[PDB]
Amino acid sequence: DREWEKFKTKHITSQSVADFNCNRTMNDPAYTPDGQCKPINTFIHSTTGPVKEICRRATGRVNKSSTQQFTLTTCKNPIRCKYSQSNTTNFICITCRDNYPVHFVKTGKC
């Protein structure tokens, strides 16, 4: 699924919180479908399956809150494409297209 693939690329990372570097990834064409050096993005430190599970009971395009918490790195406030980095554990709010996550809405419950 195209939308799912884009979501995984843009928001899911197999990197650890410590090894993750916003300055690197926010400017890495391999993980920036909507373009590099964007103002803000949140990365989910997890295997893809648990994230897809968030949409297991969703029908149509609808926002869903995850029932489990994930480790999240948010890259923001760039200055010449160099970012401030923050990490938190929280639930996430995403838009599902049936069983596929397609858009990251916000950190925490919807």
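Residues carry their position along the shown sequence, with the first being 1.
A.B. asks: Mind pulling up the entry and telling me whether 70-78 or 55-63 has the higher mean Cα temperature factor?
C.D. replies: Comparing 70-78 with 55-63, the higher average CA B-factor belongs to 55-63.
A.B. asks: Choose from 25, 15, 88, 9 the residue with the greatest Cα B-factor as stated in the PDB record.
C.D. replies: In the PDB entry, the greatest C-alpha B-factor among 25, 15, 88, 9 is found at 88.
A.B. asks: Split into thirds by Cα B-factor across the chain's modelled residues, where does residue 47 land: lowest, middle or highest?
C.D. replies: For residue 47, whose C-alpha B-factor we compare with every modelled residue in the chain, the answer is the middle third.
A.B. asks: Taking the entry's C-alpha B-factors for this chain, is residue 103 in the lowest, middle or highest third?
C.D. replies: Answer is lowest: the recorded C-alpha B-factor places it there.
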